[PDB]
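Participant: One structure coming up, written as structure tokens, with questions to follow.
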Amino acid sequence: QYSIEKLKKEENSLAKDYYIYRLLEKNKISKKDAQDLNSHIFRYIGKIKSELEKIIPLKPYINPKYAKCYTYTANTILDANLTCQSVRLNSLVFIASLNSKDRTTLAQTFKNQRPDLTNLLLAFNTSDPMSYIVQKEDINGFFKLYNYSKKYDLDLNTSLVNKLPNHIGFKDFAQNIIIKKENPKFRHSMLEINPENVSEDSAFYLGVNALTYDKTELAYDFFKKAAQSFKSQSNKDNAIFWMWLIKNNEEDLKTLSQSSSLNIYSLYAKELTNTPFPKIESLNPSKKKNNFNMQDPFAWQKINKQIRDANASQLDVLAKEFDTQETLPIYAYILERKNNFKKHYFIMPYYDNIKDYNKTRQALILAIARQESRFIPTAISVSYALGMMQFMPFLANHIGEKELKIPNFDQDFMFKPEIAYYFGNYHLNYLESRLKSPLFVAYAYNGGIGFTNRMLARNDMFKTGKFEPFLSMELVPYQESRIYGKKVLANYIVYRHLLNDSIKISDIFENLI
Ligand SMILES: CC(=O)N[C@H]1[C@H](OC[C@H]2CCC(=O)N2)O[C@H](CO)[C@@H](O)[C@@H]1O
């Protein structure tokens, strides 16, 4: 481990944040060490921020220009200058705090110049501000009320719902209420959004919405607009899959089977059409090593930043330098960016550590590693999950110290491939014994078995139905876990194939129900 003085010498990075956090959690950062420390933190968010703030509380921040505006309360806002009045009325809580006569007075003041403020003031003078704002079709006001409180729910007419998608807040609004199965009147109302008025993820989610109300024609039209507008081929393919499942046009499935993206939907389309398995690149460097230390986390942060910022020309130099067995994960990382994400790389590094597991287990391990870290041994996430298998410190210490009693265990042992694969195996055994499906395991590996168990206990998730289990996979309530599962499942199919232990993805989908 490294003292605060030596860390200060390193470039700002997630690795440097991780090591500062370790000092903080062990109470080794004095108040004096803590003085200049927020300029030494690459991502001042979450636990490193709460820990530093127990030592040095946040004196900021209210802008010096409006400082005087924040000396007023609901009882004295009428004594404040007009600029201060308008600044404070940015907060709906502040508006809700005001007494009704002052809302009336302020509504008049602001009607000519800030009718937005007028609408919110007078809305809060009613027993249902949302209904007042909906009647005015004040779109900005609608999203401020939604962000103030999710409990407001009301039917929205065709005119109003068609205006919502032009606001930045629309996409997360639609996603949230559809995935969480909240705001039923809002949700039902969004059946009448013209597909011409939406695109990309919003259109896709409005398709999922339509399916939940069994409006299959509307759904198809939404998914078609999504397929046309989505930027990434992976997402287009997800949308084309729905177009096919709903209307059964064989041109759609054919297009999906010919996708350059390797994902569960293109894999499935290839399987349904007797199309051959996609070509997987074979990387077999003859050179054994270079000078690079695959166990130094600071070196990875540095080289990662280089690789990410390299022009197409410097990629070629990096490619050659890292074309060794020992740096195979970095080589494939470079190649993936060099070939503008067109080729399929599915490496198996430090394979000696897993060659004795059955092949199905090898594939699940490799599938998880590929998504978690791209096999970078010193990978560190923004939540300080560590190594190839991205263990959180808590779980790493529980397995390493309590369960396995490894002598002198430290959480940084997760940076060692032998340890990452071993702990991954151990943890995957726990999850698979309870959950069975590799997809369910993936969800639980990323989101925890608690969330997974709760999701699978619901009446409406992964049961029988027309569009199952595909519909359920779109309604997994955490975005990250929804995405993670699809990607890990694709990876799993591929590695099973490479290991000569093929399984039909159609069997995987049957076993989800
Ligand atoms: C190094 C890192 O941040 N890993 C995270 C991974 O990031 C995907 C991309 C970016 C980094 C990389 O190599 N793969 O996404 C997972 C969720 O899908 C998380 O559980 C992992 O902790």
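Following the order of the structure tokens, first chain is A, next is B, and so on, with residues numbered from 1 inside each chain and ligands from 1 in the order they appear.
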Please identify every polymer residue within 12 Å of ligand 1, using only C-alpha atoms and all ligand atoms, and present the set as a PyMOL selection string.
Facilitator: chain A and resi 14-15+297+300-301+304+308+329-330+332-334+336-337+367-392+415+442-448+478-489
Participant: Excluding stretch 343-349 of chain A and any residue of its chain fewer than 3 positions from it, enumerate the residues within 7 Å of it, using only C-alpha atoms, and give them as a VMD selection string.
Facilitator: chain A and resid 280 to 281 328 332 339 366
Participant: Just the residues within 12 Å of residue A:42, please, counting only C-alpha atoms, with nothing from its chain fewer than 6 positions along; format it as a ChimeraX atom specification.
Facilitator: /A:8,10-21,48-49,301,382
Participant: Could you save the residues just selected, with N, CA and C atoms, as a short mmCIF file (atom, residue, chain, number, x, y, z; two decimals), in the first residue's frame?
Facilitator:
data_model
loop_
_atom_site.label_atom_id
_atom_site.label_comp_id
_atom_site.auth_asym_id
_atom_site.auth_seq_id
_atom_site.Cartn_x
_atom_site.Cartn_y
_atom_site.Cartn_z
N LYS A 8 -0.20 11.37 -3.86
CA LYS A 8 -0.32 12.73 -4.36
C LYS A 8 0.57 12.87 -5.60
N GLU A 10 0.99 10.67 -7.93
CA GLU A 10 0.38 9.95 -9.06
C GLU A 10 -0.65 10.84 -9.75
N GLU A 11 -0.97 10.53 -11.01
CA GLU A 11 -2.02 11.25 -11.74
C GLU A 11 -3.38 10.90 -11.15
N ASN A 12 -4.32 11.85 -11.25
CA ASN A 12 -5.68 11.62 -10.81
C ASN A 12 -6.24 10.49 -11.70
N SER A 13 -6.94 9.54 -11.05
CA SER A 13 -7.51 8.36 -11.70
C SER A 13 -8.37 7.63 -10.68
N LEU A 14 -9.21 6.72 -11.18
CA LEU A 14 -9.95 5.84 -10.32
C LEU A 14 -9.02 5.01 -9.42
N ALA A 15 -7.81 4.68 -9.85
CA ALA A 15 -6.95 3.85 -9.02
C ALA A 15 -6.47 4.68 -7.83
N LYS A 16 -6.18 5.96 -8.09
CA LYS A 16 -5.72 6.87 -7.06
C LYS A 16 -6.87 7.16 -6.11
N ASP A 17 -8.10 7.35 -6.62
CA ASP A 17 -9.27 7.51 -5.75
C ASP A 17 -9.43 6.30 -4.82
N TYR A 18 -9.35 5.07 -5.39
CA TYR A 18 -9.50 3.84 -4.64
C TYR A 18 -8.56 3.84 -3.44
N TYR A 19 -7.26 4.13 -3.67
CA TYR A 19 -6.24 4.12 -2.63
C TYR A 19 -6.43 5.25 -1.60
N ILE A 20 -6.90 6.43 -2.04
CA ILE A 20 -7.29 7.47 -1.08
C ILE A 20 -8.46 6.99 -0.23
N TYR A 21 -9.44 6.36 -0.86
CA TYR A 21 -10.58 5.86 -0.13
C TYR A 21 -10.14 4.84 0.95
N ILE A 48 -16.23 8.18 -1.42
CA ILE A 48 -15.02 8.94 -1.15
C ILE A 48 -15.38 10.37 -0.75
N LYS A 49 -16.54 10.84 -1.24
CA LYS A 49 -17.03 12.18 -0.98
C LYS A 49 -17.66 12.24 0.40
N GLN A 301 -4.27 2.61 -15.55
CA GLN A 301 -5.03 3.86 -15.68
C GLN A 301 -4.38 4.73 -16.75
N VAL A 382 -16.13 2.59 -10.84
CA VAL A 382 -16.41 3.86 -10.19
C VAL A 382 -16.89 3.57 -8.76
#
Participant: Could you name the residues that touch residue A:272 at 10 Å or less, counting only C-alpha atoms, but leaving out those on the same chain fewer than 3 positions away, as a list in words?
Facilitator: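 Returned residues: residues 253, 254, 257, 266, 267, 268, 269, 275, 504, 505 and 506 of chain A.
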Participant: Determine which residues of stretch 263-497 of chain A DSSP labels as helix (DSSP H, G or I) from the backbone of this structure, then write them out as a count of residues only.
Facilitator: 137
Participant: Find the residues near residue A:97: any atom within 10 Å, counting only C-alpha atoms, skip ones fewer than 2 places away on the same chain, and give them as an mmCIF file with C-alpha atoms, in the first residue's frame.
Facilitator:
data_model
loop_
_atom_site.group_PDB
_atom_site.id
_atom_site.type_symbol
_atom_site.label_atom_id
_atom_site.label_comp_id
_atom_site.auth_asym_id
_atom_site.auth_seq_id
_atom_site.Cartn_x
_atom_site.Cartn_y
_atom_site.Cartn_z
ATOM 1 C CA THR A 73 -37.849 32.624 3.878
ATOM 2 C CA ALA A 74 -41.495 32.047 2.953
ATOM 3 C CA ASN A 75 -42.395 34.641 5.628
ATOM 4 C CA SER A 91 -37.783 25.553 -6.113
ATOM 5 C CA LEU A 92 -41.211 23.893 -6.057
ATOM 6 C CA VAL A 93 -40.721 22.994 -2.399
ATOM 7 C CA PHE A 94 -40.223 26.728 -1.732
ATOM 8 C CA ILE A 95 -43.409 27.405 -3.765
ATOM 9 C CA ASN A 99 -48.939 30.783 1.873
ATOM 10 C CA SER A 100 -51.747 30.936 -0.677
ATOM 11 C CA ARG A 103 -48.831 32.795 -4.251
ATOM 12 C CA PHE A 124 -50.078 25.105 -5.817
#
Participant: Can you tell me which residues surround stretch 393-405 of chain A at a distance of at most 9 Å, considering only C-alpha atoms, apart from same-chain residues fewer than 3 positions away, and format the answer as a VMD selection string?
Facilitator: chain A and resid 384 to 386 408 to 414 423 426 to 427
Participant: Just the residues within 12 Å of residue A:507, please, counting only C-alpha atoms, with nothing from its chain fewer than 2 positions along; format it as a PyMOL selection string.
Facilitator: chain A and resi 268+271+437-438+469+493+502-505+509-513
Participant: Taking only C-alpha atoms into account, name the residue in A:2, A:204, A:277, A:492 that is nearest to residue A:243.
Facilitator: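 Closest to residue A:243, using only C-alpha atoms: A:204.
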Participant: Between atom CA of residue A:315 and atom CA of residue A:285, what is the spacing in Å?
Facilitator: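 Separating atom CA of residue A:285 from atom CA of residue A:315 is a distance of 16.9 Å.
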Participant: So the first atom is atom CA of residue A:179 and the second is atom CA of residue A:455; what is the distance between them in Å, to one decimal place?
Facilitator: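 So the answer is 11.9 Å.
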Participant: Suppose you want the space between atom CA of residue A:508 and atom CA of residue A:246; what is it in Å?
Facilitator: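 Between atom CA of residue A:508 and atom CA of residue A:246 the gap works out to 20.7 Å.
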